[PDB]
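Trainee: Got a file for you: start-v8.cif, mmCIF, N, CA and C atoms and all ligand atoms.
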data_query
loop_
_atom_site.label_atom_id
_atom_site.label_comp_id
_atom_site.auth_asym_id
_atom_site.auth_seq_id
_atom_site.Cartn_x
_atom_site.Cartn_y
_atom_site.Cartn_z
N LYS K 1 0.85 -1.23 0.00
CA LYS K 1 0.00 0.00 0.00
C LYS K 1 0.87 1.26 0.00
N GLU K 2 0.25 2.40 0.25
CA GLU K 2 0.94 3.69 0.27
C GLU K 2 0.56 4.52 1.50
N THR K 3 1.51 4.76 2.40
CA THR K 3 1.21 5.54 3.60
C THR K 3 0.59 6.88 3.21
N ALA K 4 -0.17 7.47 4.13
CA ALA K 4 -0.81 8.76 3.87
C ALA K 4 0.22 9.83 3.56
N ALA K 5 1.30 9.85 4.34
CA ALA K 5 2.36 10.84 4.16
C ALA K 5 3.05 10.71 2.81
N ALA K 6 3.27 9.47 2.36
CA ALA K 6 3.93 9.25 1.08
C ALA K 6 3.02 9.67 -0.06
N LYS K 7 1.72 9.44 0.11
CA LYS K 7 0.73 9.80 -0.90
C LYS K 7 0.72 11.33 -1.06
N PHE K 8 0.73 12.05 0.05
CA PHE K 8 0.73 13.51 -0.03
C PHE K 8 1.96 13.99 -0.79
N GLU K 9 3.11 13.41 -0.47
CA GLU K 9 4.34 13.79 -1.14
C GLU K 9 4.25 13.55 -2.64
N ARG K 10 3.72 12.40 -3.05
CA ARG K 10 3.60 12.10 -4.47
C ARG K 10 2.59 13.01 -5.17
N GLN K 11 1.44 13.21 -4.54
CA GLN K 11 0.39 14.03 -5.11
C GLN K 11 0.59 15.53 -5.10
N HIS K 12 1.26 16.07 -4.08
CA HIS K 12 1.41 17.52 -4.01
C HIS K 12 2.79 18.15 -3.94
N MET K 13 3.82 17.37 -3.66
CA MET K 13 5.12 18.01 -3.58
C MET K 13 5.82 18.12 -4.93
N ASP K 14 6.48 19.24 -5.15
CA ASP K 14 7.24 19.43 -6.36
C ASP K 14 8.32 20.44 -6.07
N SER K 15 9.44 19.95 -5.54
CA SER K 15 10.53 20.83 -5.19
C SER K 15 11.54 21.03 -6.31
N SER K 16 11.41 20.25 -7.39
CA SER K 16 12.35 20.36 -8.51
C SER K 16 12.25 21.70 -9.25
N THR K 17 11.07 22.31 -9.23
CA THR K 17 10.87 23.60 -9.89
C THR K 17 10.37 24.63 -8.89
N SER K 18 10.58 25.91 -9.22
CA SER K 18 10.16 27.00 -8.35
C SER K 18 8.78 27.51 -8.76
N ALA K 19 8.33 27.09 -9.93
CA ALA K 19 7.03 27.49 -10.45
C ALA K 19 6.65 26.66 -11.68
N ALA K 20 5.35 26.52 -11.91
CA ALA K 20 4.83 25.77 -13.04
C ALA K 20 5.35 26.36 -14.35
N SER K 21 6.12 25.55 -15.09
CA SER K 21 6.69 25.96 -16.38
C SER K 21 5.73 25.63 -17.54
N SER K 22 5.26 26.66 -18.24
CA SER K 22 4.33 26.49 -19.37
C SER K 22 2.94 26.02 -18.94
N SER K 23 2.06 25.91 -19.93
CA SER K 23 0.69 25.48 -19.70
C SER K 23 0.53 23.97 -19.80
N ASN K 24 1.62 23.27 -20.09
CA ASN K 24 1.57 21.82 -20.20
C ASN K 24 2.11 21.17 -18.94
N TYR K 25 2.42 21.99 -17.95
CA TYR K 25 2.96 21.48 -16.72
C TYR K 25 2.08 20.43 -16.06
N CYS K 26 0.81 20.75 -15.88
CA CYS K 26 -0.11 19.82 -15.24
C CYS K 26 -0.36 18.54 -16.01
N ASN K 27 -0.38 18.62 -17.34
CA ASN K 27 -0.61 17.41 -18.11
C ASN K 27 0.52 16.44 -17.85
N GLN K 28 1.73 16.97 -17.72
CA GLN K 28 2.90 16.15 -17.47
C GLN K 28 3.02 15.72 -16.01
N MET K 29 2.88 16.65 -15.07
CA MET K 29 2.99 16.29 -13.66
C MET K 29 1.90 15.35 -13.18
N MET K 30 0.67 15.56 -13.64
CA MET K 30 -0.41 14.67 -13.22
C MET K 30 -0.13 13.27 -13.74
N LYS K 31 0.52 13.18 -14.90
CA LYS K 31 0.84 11.89 -15.49
C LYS K 31 2.00 11.22 -14.78
N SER K 32 3.12 11.94 -14.66
CA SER K 32 4.32 11.39 -14.03
C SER K 32 4.14 11.06 -12.55
N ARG K 33 3.19 11.69 -11.87
CA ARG K 33 2.96 11.40 -10.46
C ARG K 33 1.90 10.31 -10.30
N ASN K 34 1.45 9.78 -11.43
CA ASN K 34 0.48 8.70 -11.44
C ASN K 34 -0.89 9.06 -10.95
N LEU K 35 -1.29 10.28 -11.26
CA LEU K 35 -2.59 10.79 -10.86
C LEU K 35 -3.60 10.59 -11.98
N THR K 36 -3.16 9.97 -13.06
CA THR K 36 -4.03 9.70 -14.19
C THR K 36 -3.85 8.26 -14.63
N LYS K 37 -3.27 7.45 -13.74
CA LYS K 37 -3.00 6.05 -14.06
C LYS K 37 -4.26 5.22 -14.27
N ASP K 38 -5.20 5.29 -13.34
CA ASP K 38 -6.43 4.53 -13.50
C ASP K 38 -7.60 5.39 -13.93
N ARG K 39 -7.51 6.68 -13.65
CA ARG K 39 -8.57 7.62 -14.00
C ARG K 39 -8.01 9.03 -13.87
N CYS K 40 -8.72 10.03 -14.38
CA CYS K 40 -8.23 11.40 -14.28
C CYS K 40 -8.64 12.03 -12.97
N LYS K 41 -7.65 12.42 -12.17
CA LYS K 41 -7.92 13.08 -10.91
C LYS K 41 -8.52 14.40 -11.36
N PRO K 42 -9.76 14.71 -10.94
CA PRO K 42 -10.37 15.97 -11.37
C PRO K 42 -9.58 17.22 -10.98
N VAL K 43 -9.18 17.33 -9.72
CA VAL K 43 -8.43 18.48 -9.24
C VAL K 43 -7.27 18.09 -8.33
N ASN K 44 -6.11 18.72 -8.53
CA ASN K 44 -4.94 18.42 -7.71
C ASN K 44 -4.01 19.63 -7.62
N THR K 45 -3.42 19.85 -6.44
CA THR K 45 -2.52 20.98 -6.25
C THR K 45 -1.07 20.59 -5.99
N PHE K 46 -0.15 21.33 -6.60
CA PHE K 46 1.27 21.09 -6.42
C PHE K 46 1.89 22.29 -5.74
N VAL K 47 2.73 22.02 -4.75
CA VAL K 47 3.44 23.06 -4.01
C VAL K 47 4.89 23.02 -4.47
N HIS K 48 5.44 24.18 -4.78
CA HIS K 48 6.83 24.29 -5.24
C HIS K 48 7.70 24.84 -4.13
N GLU K 49 7.85 24.05 -3.08
CA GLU K 49 8.68 24.42 -1.95
C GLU K 49 9.34 23.14 -1.48
N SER K 50 10.40 23.29 -0.70
CA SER K 50 11.09 22.13 -0.17
C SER K 50 10.10 21.31 0.64
N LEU K 51 10.43 20.04 0.81
CA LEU K 51 9.60 19.13 1.59
C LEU K 51 9.62 19.62 3.03
N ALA K 52 10.78 20.06 3.49
CA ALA K 52 10.90 20.54 4.85
C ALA K 52 9.97 21.73 5.08
N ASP K 53 9.93 22.66 4.12
CA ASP K 53 9.06 23.83 4.25
C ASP K 53 7.58 23.46 4.32
N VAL K 54 7.17 22.48 3.51
CA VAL K 54 5.78 22.07 3.50
C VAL K 54 5.44 21.31 4.78
N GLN K 55 6.36 20.49 5.28
CA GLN K 55 6.10 19.78 6.52
C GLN K 55 6.03 20.78 7.66
N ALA K 56 6.89 21.79 7.63
CA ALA K 56 6.90 22.80 8.69
C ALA K 56 5.53 23.45 8.88
N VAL K 57 4.69 23.40 7.85
CA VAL K 57 3.37 24.00 7.95
C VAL K 57 2.54 23.35 9.05
N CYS K 58 2.88 22.11 9.41
CA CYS K 58 2.16 21.39 10.46
C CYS K 58 2.35 21.98 11.86
N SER K 59 3.25 22.95 11.98
CA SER K 59 3.47 23.58 13.27
C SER K 59 3.23 25.08 13.15
N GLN K 60 2.45 25.46 12.14
CA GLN K 60 2.12 26.85 11.92
C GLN K 60 0.66 27.09 12.25
N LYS K 61 0.04 28.08 11.61
CA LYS K 61 -1.34 28.41 11.92
C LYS K 61 -2.33 27.26 11.77
N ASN K 62 -2.90 26.86 12.90
CA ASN K 62 -3.86 25.78 12.93
C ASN K 62 -5.25 26.33 12.61
N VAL K 63 -5.79 25.93 11.46
CA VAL K 63 -7.12 26.37 11.02
C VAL K 63 -8.05 25.19 10.76
N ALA K 64 -9.35 25.47 10.68
CA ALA K 64 -10.33 24.43 10.43
C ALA K 64 -10.21 23.95 8.99
N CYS K 65 -10.59 22.70 8.77
CA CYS K 65 -10.56 22.12 7.45
C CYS K 65 -11.93 22.35 6.79
N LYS K 66 -12.03 22.01 5.51
CA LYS K 66 -13.27 22.16 4.77
C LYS K 66 -14.32 21.21 5.33
N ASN K 67 -13.88 20.01 5.71
CA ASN K 67 -14.77 18.98 6.25
C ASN K 67 -15.11 19.20 7.72
N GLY K 68 -14.44 20.15 8.36
CA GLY K 68 -14.70 20.41 9.76
C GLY K 68 -13.67 19.81 10.71
N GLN K 69 -12.65 19.14 10.18
CA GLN K 69 -11.62 18.56 11.05
C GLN K 69 -10.74 19.69 11.56
N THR K 70 -10.32 19.59 12.81
CA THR K 70 -9.51 20.63 13.41
C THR K 70 -8.01 20.35 13.32
N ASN K 71 -7.60 19.62 12.30
CA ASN K 71 -6.19 19.31 12.16
C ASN K 71 -5.54 19.91 10.92
N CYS K 72 -6.13 20.98 10.38
CA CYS K 72 -5.56 21.65 9.21
C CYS K 72 -4.65 22.79 9.64
N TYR K 73 -3.65 23.07 8.81
CA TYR K 73 -2.71 24.15 9.09
C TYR K 73 -2.48 24.99 7.84
N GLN K 74 -2.35 26.29 8.06
CA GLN K 74 -2.13 27.26 7.00
C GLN K 74 -0.72 27.83 7.12
N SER K 75 0.02 27.82 6.02
CA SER K 75 1.38 28.34 6.02
C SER K 75 1.36 29.83 6.31
N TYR K 76 2.27 30.27 7.18
CA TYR K 76 2.37 31.68 7.55
C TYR K 76 2.67 32.54 6.33
N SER K 77 3.55 32.08 5.44
CA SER K 77 3.84 32.88 4.26
C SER K 77 3.26 32.18 3.06
N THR K 78 3.16 32.92 1.96
CA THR K 78 2.64 32.38 0.73
C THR K 78 3.69 31.46 0.12
N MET K 79 3.24 30.46 -0.62
CA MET K 79 4.11 29.50 -1.27
C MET K 79 3.80 29.40 -2.76
N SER K 80 4.78 28.94 -3.54
CA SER K 80 4.59 28.77 -4.98
C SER K 80 3.70 27.55 -5.16
N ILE K 81 2.52 27.75 -5.72
CA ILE K 81 1.57 26.66 -5.89
C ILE K 81 0.97 26.55 -7.28
N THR K 82 0.69 25.32 -7.72
CA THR K 82 0.07 25.14 -9.01
C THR K 82 -1.21 24.33 -8.87
N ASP K 83 -2.30 24.88 -9.39
CA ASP K 83 -3.58 24.19 -9.33
C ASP K 83 -3.81 23.51 -10.66
N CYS K 84 -4.03 22.20 -10.63
CA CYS K 84 -4.29 21.44 -11.84
C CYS K 84 -5.73 20.95 -11.84
N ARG K 85 -6.52 21.37 -12.83
CA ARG K 85 -7.90 20.95 -12.94
C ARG K 85 -8.20 20.42 -14.34
N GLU K 86 -8.97 19.35 -14.40
CA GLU K 86 -9.35 18.77 -15.67
C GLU K 86 -10.08 19.80 -16.50
N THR K 87 -9.76 19.86 -17.78
CA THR K 87 -10.41 20.81 -18.69
C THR K 87 -11.70 20.18 -19.22
N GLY K 88 -12.59 21.00 -19.78
CA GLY K 88 -13.83 20.48 -20.32
C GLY K 88 -13.65 19.36 -21.34
N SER K 89 -12.49 19.31 -21.99
CA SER K 89 -12.18 18.29 -22.99
C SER K 89 -11.16 17.29 -22.46
N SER K 90 -11.51 16.60 -21.37
CA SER K 90 -10.62 15.61 -20.76
C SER K 90 -11.35 14.31 -20.53
N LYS K 91 -10.87 13.24 -21.15
CA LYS K 91 -11.52 11.94 -21.00
C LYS K 91 -10.46 10.86 -20.88
N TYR K 92 -10.51 10.09 -19.80
CA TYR K 92 -9.56 9.02 -19.56
C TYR K 92 -9.53 8.06 -20.76
N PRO K 93 -8.32 7.62 -21.19
CA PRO K 93 -7.00 7.93 -20.63
C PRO K 93 -6.36 9.19 -21.20
N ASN K 94 -7.14 9.99 -21.91
CA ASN K 94 -6.62 11.24 -22.48
C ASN K 94 -6.96 12.38 -21.53
N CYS K 95 -6.34 12.38 -20.36
CA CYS K 95 -6.61 13.43 -19.38
C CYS K 95 -5.92 14.72 -19.79
N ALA K 96 -6.66 15.82 -19.72
CA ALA K 96 -6.14 17.13 -20.06
C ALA K 96 -6.40 18.05 -18.88
N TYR K 97 -5.40 18.84 -18.52
CA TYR K 97 -5.52 19.74 -17.39
C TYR K 97 -5.14 21.18 -17.69
N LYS K 98 -5.69 22.08 -16.89
CA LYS K 98 -5.40 23.51 -16.99
C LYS K 98 -4.47 23.86 -15.83
N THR K 99 -3.37 24.52 -16.15
CA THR K 99 -2.37 24.92 -15.17
C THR K 99 -2.57 26.36 -14.69
N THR K 100 -2.82 26.53 -13.39
CA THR K 100 -3.00 27.87 -12.85
C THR K 100 -1.99 28.07 -11.73
N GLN K 101 -0.94 28.81 -12.04
CA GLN K 101 0.14 29.09 -11.09
C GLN K 101 -0.18 30.31 -10.24
N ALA K 102 0.33 30.32 -9.01
CA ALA K 102 0.09 31.44 -8.11
C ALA K 102 0.83 31.25 -6.80
N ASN K 103 0.85 32.31 -6.00
CA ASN K 103 1.49 32.29 -4.70
C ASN K 103 0.43 32.46 -3.64
N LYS K 104 0.11 31.38 -2.94
CA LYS K 104 -0.90 31.43 -1.90
C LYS K 104 -0.47 30.63 -0.68
N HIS K 105 -1.15 30.88 0.43
CA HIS K 105 -0.86 30.18 1.67
C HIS K 105 -1.38 28.76 1.52
N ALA K 106 -0.52 27.79 1.78
CA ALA K 106 -0.94 26.41 1.65
C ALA K 106 -1.66 25.96 2.92
N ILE K 107 -2.70 25.15 2.75
CA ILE K 107 -3.44 24.62 3.88
C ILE K 107 -3.42 23.11 3.78
N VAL K 108 -2.77 22.47 4.73
CA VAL K 108 -2.69 21.02 4.70
C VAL K 108 -3.22 20.37 5.98
N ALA K 109 -3.66 19.12 5.86
CA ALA K 109 -4.14 18.36 7.01
C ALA K 109 -2.91 17.57 7.44
N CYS K 110 -2.62 17.56 8.73
CA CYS K 110 -1.46 16.85 9.25
C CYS K 110 -1.88 15.77 10.23
N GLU K 111 -1.11 14.70 10.31
CA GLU K 111 -1.41 13.65 11.25
C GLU K 111 -0.23 12.70 11.33
N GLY K 112 -0.29 11.81 12.31
CA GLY K 112 0.77 10.83 12.49
C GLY K 112 1.98 11.33 13.25
N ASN K 113 3.00 10.48 13.25
CA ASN K 113 4.26 10.79 13.90
C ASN K 113 5.35 10.22 13.01
N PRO K 114 6.20 11.09 12.44
CA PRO K 114 6.14 12.55 12.61
C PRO K 114 4.86 13.18 12.09
N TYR K 115 4.51 14.33 12.67
CA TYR K 115 3.32 15.06 12.29
C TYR K 115 3.59 15.68 10.92
N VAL K 116 3.16 14.99 9.87
CA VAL K 116 3.39 15.49 8.53
C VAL K 116 2.09 15.65 7.74
N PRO K 117 2.15 16.40 6.64
CA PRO K 117 0.95 16.60 5.82
C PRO K 117 0.47 15.28 5.19
N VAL K 118 -0.83 15.03 5.25
CA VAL K 118 -1.42 13.83 4.66
C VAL K 118 -2.59 14.19 3.74
N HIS K 119 -2.86 15.48 3.61
CA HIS K 119 -3.95 15.95 2.78
C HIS K 119 -3.76 17.43 2.46
N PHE K 120 -4.16 17.82 1.25
CA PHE K 120 -4.03 19.21 0.85
C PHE K 120 -5.45 19.77 0.72
N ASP K 121 -5.82 20.61 1.68
CA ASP K 121 -7.15 21.19 1.73
C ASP K 121 -7.41 22.27 0.70
N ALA K 122 -6.62 23.34 0.77
CA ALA K 122 -6.78 24.45 -0.15
C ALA K 122 -5.57 25.37 -0.12
N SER K 123 -5.67 26.45 -0.89
CA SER K 123 -4.64 27.47 -1.00
C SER K 123 -5.36 28.81 -0.95
N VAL K 124 -4.88 29.73 -0.12
CA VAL K 124 -5.51 31.03 -0.01
C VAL K 124 -4.46 32.13 0.07
CL CL I 1 4.61 4.37 0.95
CL CL I 2 2.46 5.59 -7.68
CL CL I 3 -5.49 19.13 -4.24
#
Represent the structure of the file as structure tokens.

Mentor:
Amino acid sequence: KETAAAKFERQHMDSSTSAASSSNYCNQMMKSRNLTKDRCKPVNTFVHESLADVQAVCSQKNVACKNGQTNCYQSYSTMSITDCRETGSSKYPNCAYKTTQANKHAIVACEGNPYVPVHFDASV
């Protein structure tokens, strides 16, 4: 199987780049991270910061989650983030995504020991 922490790293971490390069970034990242292996993930976010920086968010501003869980945290400073969403013309296995780059505060759900991100709630 895949631990929650490892899944978050695969699905949302991207420290190799400082920002989404071109409009084909999401089509490639969603593919290479295996987010389109069995089906097209409708929406997914990538953070362009070190793993340490993203994990550090677990000890920053503790905010409520969308579902109501009290284990979400918001990064004190804005981070380089890329939002990948399926376009109107996307059908498995031909998944197509729209790349929307921006700098927003990352909000992640943390759990376990070490207390690391296991879910990406939103970006604000
Ligand atoms: Cl794993
Ligand atoms: Cl995988
Ligand atoms: Cl996401």

Trainee: Excluding range 3-12 of chain K and its own-chain neighbours fewer than 6 positions away, which residues fall within 6.5 Å of it when counting only N, CA and C atoms? Please give them as a PDB file with N, CA and C atoms, keeping the file's coordinate frame.

Mentor:
ATOM      1  N   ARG K  33       3.190  11.690 -11.870  1.00  0.00           N
ATOM      2  CA  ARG K  33       2.960  11.400 -10.460  1.00  0.00           C
ATOM      3  C   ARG K  33       1.900  10.310 -10.300  1.00  0.00           C
ATOM      4  N   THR K  45      -3.420  19.850  -6.440  1.00  0.00           N
ATOM      5  CA  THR K  45      -2.520  20.980  -6.250  1.00  0.00           C
ATOM      6  C   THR K  45      -1.070  20.590  -5.990  1.00  0.00           C
ATOM      7  N   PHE K  46      -0.150  21.330  -6.600  1.00  0.00           N
ATOM      8  CA  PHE K  46       1.270  21.090  -6.420  1.00  0.00           C
ATOM      9  C   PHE K  46       1.890  22.290  -5.740  1.00  0.00           C
ATOM     10  N   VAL K  47       2.730  22.020  -4.750  1.00  0.00           N
ATOM     11  CA  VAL K  47       3.440  23.060  -4.010  1.00  0.00           C
ATOM     12  C   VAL K  47       4.890  23.020  -4.470  1.00  0.00           C
ATOM     13  N   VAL K 116       3.160  14.990   9.870  1.00  0.00           N
ATOM     14  CA  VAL K 116       3.390  15.490   8.530  1.00  0.00           C
ATOM     15  C   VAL K 116       2.090  15.650   7.740  1.00  0.00           C
ATOM     16  N   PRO K 117       2.150  16.400   6.640  1.00  0.00           N
ATOM     17  CA  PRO K 117       0.950  16.600   5.820  1.00  0.00           C
ATOM     18  C   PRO K 117       0.470  15.280   5.190  1.00  0.00           C
ATOM     19  N   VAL K 118      -0.830  15.030   5.250  1.00  0.00           N
ATOM     20  CA  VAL K 118      -1.420  13.830   4.660  1.00  0.00           C
ATOM     21  C   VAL K 118      -2.590  14.190   3.740  1.00  0.00           C
ATOM     22  N   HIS K 119      -2.860  15.480   3.610  1.00  0.00           N
ATOM     23  CA  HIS K 119      -3.950  15.950   2.780  1.00  0.00           C
ATOM     24  C   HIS K 119      -3.760  17.430   2.460  1.00  0.00           C
TER      25      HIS K 119
END

Trainee: Please list as a ChimeraX atom specification every residue within 8 Å of residue 77 in chain K, counting all atoms listed in the file and excluding residues in the same chain fewer than 6 positions away.

Mentor: /K:103-106

Trainee: Quick one, how far is CA of residue 124 in chain K from CA of residue 61 in chain K?

Mentor: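 Atom-to-atom, CA of residue 124 in chain K to CA of residue 61 in chain K, that is 12.9 Å.
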
Trainee: How would you write, as JSON, numbers by chain, the set of residues in chain K that DSSP gives as strand (DSSP E)?

Mentor: {"K": [43, 44, 45, 46, 47, 61, 62, 63, 72, 73, 74, 79, 80, 81, 82, 83, 84, 85, 86, 97, 98, 99, 100, 101, 102, 103, 104, 106, 107, 108, 109, 110, 111, 116, 117, 118, 119, 120, 121, 122, 123]}

Trainee: Taking 6 positions as the minimum chain separation for residues in the same chain, which residues sit within 7 Å of range 36-43 of chain K when counting only C-alpha atoms? Answer as a PDB file with N, CA and C atoms, in the coordinates of the input.

Mentor:
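Done, and the output landed in around-v4.pdb:
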ATOM      1  N   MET K  30       0.670  15.560 -13.640  1.00  0.00           N
ATOM      2  CA  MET K  30      -0.410  14.670 -13.220  1.00  0.00           C
ATOM      3  C   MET K  30      -0.130  13.270 -13.740  1.00  0.00           C
ATOM      4  N   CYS K  84      -4.030  22.200 -10.630  1.00  0.00           N
ATOM      5  CA  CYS K  84      -4.290  21.440 -11.840  1.00  0.00           C
ATOM      6  C   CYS K  84      -5.730  20.950 -11.840  1.00  0.00           C
ATOM      7  N   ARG K  85      -6.520  21.370 -12.830  1.00  0.00           N
ATOM      8  CA  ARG K  85      -7.900  20.950 -12.940  1.00  0.00           C
ATOM      9  C   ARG K  85      -8.200  20.420 -14.340  1.00  0.00           C
ATOM     10  N   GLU K  86      -8.970  19.350 -14.400  1.00  0.00           N
ATOM     11  CA  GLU K  86      -9.350  18.770 -15.670  1.00  0.00           C
ATOM     12  C   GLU K  86     -10.080  19.800 -16.500  1.00  0.00           C
ATOM     13  N   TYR K  92     -10.510  10.090 -19.800  1.00  0.00           N
ATOM     14  CA  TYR K  92      -9.560   9.020 -19.560  1.00  0.00           C
ATOM     15  C   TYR K  92      -9.530   8.060 -20.760  1.00  0.00           C
ATOM     16  N   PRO K  93      -8.320   7.620 -21.190  1.00  0.00           N
ATOM     17  CA  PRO K  93      -7.000   7.930 -20.630  1.00  0.00           C
ATOM     18  C   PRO K  93      -6.360   9.190 -21.200  1.00  0.00           C
ATOM     19  N   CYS K  95      -6.340  12.380 -20.360  1.00  0.00           N
ATOM     20  CA  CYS K  95      -6.610  13.430 -19.380  1.00  0.00           C
ATOM     21  C   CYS K  95      -5.920  14.720 -19.790  1.00  0.00           C
TER      22      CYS K  95
END

Trainee: Which residue gives the smallest distance to residue 81 in chain K among K:62, K:55, K:28, K:44, with only C-alpha atoms counted?

Mentor: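 When distances to residue 81 in chain K are compared using only C-alpha atoms, the smallest one comes from K:44.
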
Trainee: What is the CA of residue 59 in chain K to CA of residue 115 in chain K distance in Å?

Mentor: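 Between CA of residue 59 in chain K and CA of residue 115 in chain K the gap is 8.6 Å.
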
Trainee: What gap, in Å, lies between CA of residue 97 in chain K and CA of residue 65 in chain K?

Mentor: 25.5 Å

Trainee: Rank nothing, just name the residue among K:35, K:56, K:74, K:21 nearest to ligand CL 2 (chain I), using only C-alpha atoms and all ligand atoms.

Mentor: K:35

Trainee: Mind the document's chain letters and residue numbers, and return as JSON, numbers by chain the residues of range 11-109 of chain K that DSSP labels alpha helix (DSSP H).

Mentor: {"K": [11, 12, 25, 26, 27, 28, 29, 30, 31, 32, 51, 52, 53, 54, 55, 56]}
